[PDB]
Each structure stands twice: as structure tokens, then as C-alpha cells.
């Protein structure tokens, strides 16, 4: 279990995907040309997980860039680290998806999917031990949501033995006025419940609220939201990228975090929450770091964890700190908040500590929780879905691509089942 193949689909997927590669390249000492100019030998130990080594001692991201319109991928190419990517790995259409899930999944995207699979196949074959795939995308658009879930289905068919992991951005009316986002999200969730092993739920509702309320940005932009996403993505992949006691791999994460196959949607959390390109004048203590990452204000999904129970938790502390103090604080949190952790899953909170802190922070903490409170996110999308579907609003956009109203009813039904399953385990008792 070593190599991971990264895929980024649609506008959102490519935007957060580019930011991910910019962040981890900096951490690993990789410059925009692909040359290593770092100092620590630990930066290169597990570099092969995300980078291929090319001639001239260059490091090239094992990334595949996908979009049904050339626009975003021209912006990526022109970006800061745009020249680091393998030019043959840019697979794009011309048509666009027009925020239509049916266009991305059944028509325009289905014509491009085979071209993408050729690049996936080429990357996968160059892996000594492929762990799996990591996809970045939004669920509200048409390419990331529609074509992204079509890609997952196709990859699953060809590599049923590998792990499928996604960073899925959930839509919010606060951030986007495109009315069909609840349709695209419900249709996508329907696919994710069946075809992914683990999904990180990145809610734009939560990211907007953090920017607006906590960071006091009156008018948050996507650049501001993406700073929180790139912070989360760096944190949740630290264990994969750096040597540690936890011999971290994608399968072991699924095995220990997912007690029931469909309940694989994680609520990520981060501490400290910081604003873009801003200097942090103070270091956060271990008790502060611990309190903050378990607080509702620090969750990347707009769900109050105190409204549910944690099935399983994985914490990662970064920076030079007392491991004795981390252990004491984590024990304290569990003892004081015992009613928020299911009693029937013994030893359900795991903690890891990495010496390397992220850029701009002397210490930080990332949280990955499998909480039954995530049903609040799906209920929100479901309510928005019903409001539109009861009137058959904008439905001609989807039926015009060949879809049937039956598929909408089934996707809504499956998401309603997902909600009631989270509720079942929320209510479950040890006795």
C-alpha cells in the first residue's frame, strides 16, 4: 500500500485540487518546476505516495485533471504550480456541463470518460502497490458531480480491489444561487453511498459561516473558502505523507472508521481556524487545540456534533508538543463528553501526532469523525430537493438528456434511507 492516484473533476474539483497540490508541494519541499529544494529527509520518505519520480530528479504529481470545459484547466495551467502537472494528464472537453448532472453523467461526460480512464490506467500501471484513488469534486455542479460519480463507477468496475476515497464539496444557497444544486447533490449522494469507501464531507454552508462569523469576512470568496479546504486536505492526508507509528493507509482507515458500509461520510474538523495569507501571532496550547477541534464552530460540515453521537473518531495533532499532554487532554474530552460517543464501539477514538506542523502554524489539529449528526447535512439537501421536485421545477433540463422522473424518486428515497440509518445508530443503546 503506497501509491495514491489523485483525480480532480469540474471547476470546484480543480480549484481545490490545485490548492491541495500547492500546499503539500510546499510541505514536501517541491517547487513549481518539480525540483526538491527542502532540507528534511522526512519530506522525501513517503513522497512516492502522491508523486512520481521523473528524469532530472523531478517530482511529478500523480494527478489527473478533468473538466468538460477548457476554461478552468487553462487557469490551473497558468497558476502558481500549473507547470508541475504532467501535460498528458489534462483531459478536457469543450461543451461544458451547464450544472446539469445528467449532462456530466449520461451524455457529454460519458463521451469523455474513456479518455480519462486511459490516463488513469497509465498512472495505475506505474504503481508498485496502488492503495487507491482520491477524487476532489463538488456535488452541486454537473461535471464534478455527474462525471465524477460516473468516473467512480467505471474505476470501481476496473479496480474493485482498491480503495475509493473522495473530497466532496456540498452545496449551500449562501454561496451559490444556482437552483438545481439540490438535484445534482441528491443524484451524486445516491452514487457515493454505493461506490465510495470513504467520503470527506466539505460543506460550503460550514465554510461560508466560518468565513463570515468567525473570520469576520463580510464577503467571503471561493479563495477564502478554499483556504479552509486546503487546510483540511493537508491535515487528513498528513498520516499518508509522513512517517509515523500509525502505518497509515486508505484501507486501514476505512476498516477502523466505517462500521456499516453505507455510513462512510466523515465530518472533518480543524483547529486553529485561520484567514488567508494572514500571520498567526500566537501559538495554541494542547488543551486549546483539543477543545477547539471538538467544537461545532470548527467543523467543515454544517452539523452540530452535540446533536448526534460519534461512531468513531481519528485525530491528528501536528507540531512539536507533549504526547503525554495530548493523551491527557484526549482522555479528558472523552470522559467529559461520554454521552456523545457510542458505548457499543469500544476504544473508538484514535489519536496520532506528527512533528511537522503546517505552514504558518507552530501547532494544529485535524479531526475526522464518523458522527450520526451528519444526517443534518443530508436532511438539509433533502428538504431543498423536495421543495423543487414537488413542483417538478427545472426537471425538463434532466429529462431532455434522457433521464426519467423514476431516477429522481429513487435517489431521494436512497438518501432518506441513509438518514434513517444514521438515526437508528444514534438511538441504539449498549443494553
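Residue numbers count along the first chain shown, from 1.
Colleague: Looking only at CA atoms, which has the higher mean B factor in the entry: 121 to 129 or 166 to 174?
Modeller: Looking at the record's C-alpha B-factors, the answer is 121 to 129.
Colleague: Select between 225 to 233 and 352 to 360 the stretch whose C-alpha atoms have the higher average B-factor in the entry.
Modeller: Averaged over C-alpha atoms, the B-factors run higher in 352 to 360.
Colleague: Highest CA temperature factor in the entry: which of 113, 206, 135, 255?
Modeller: Largest recorded C-alpha B-factor: 113.
Colleague: In the PDB entry, which of 143, 347, 75, 149 has its C-alpha at the highest B-factor?
Modeller: Max CA B-factor in the entry, restricted to 143, 347, 75, 149: 75.
Colleague: Would you mind ranking residue 391 by its C-alpha B-factor against the rest of the chain and naming the third, lowest, middle or highest?
Modeller: Tercile = middle for this residue's CA B-factor.
Colleague: Lowest, middle or highest third: which one holds residue 99 when the chain's residues are ordered by CA B-factor from the entry?
Modeller: Tercile = middle for this residue's CA B-factor.
Colleague: Ranking every modelled residue in this chain by its Cα temperature factor as given in the entry, which third contains residue 282?
Modeller: For residue 282, the deposited C-alpha B-factor lands in the highest third.
Colleague: Comparing against every modelled residue in the chain, figure out the third that the C-alpha B-factor of residue 424 lands in (lowest, middle or highest).
Modeller: It falls in the bottom third of the chain.
Colleague: Compared with the other modelled residues in the chain, in which third is the CA B-factor of residue 399?
Modeller: It falls in the middle third of the chain.
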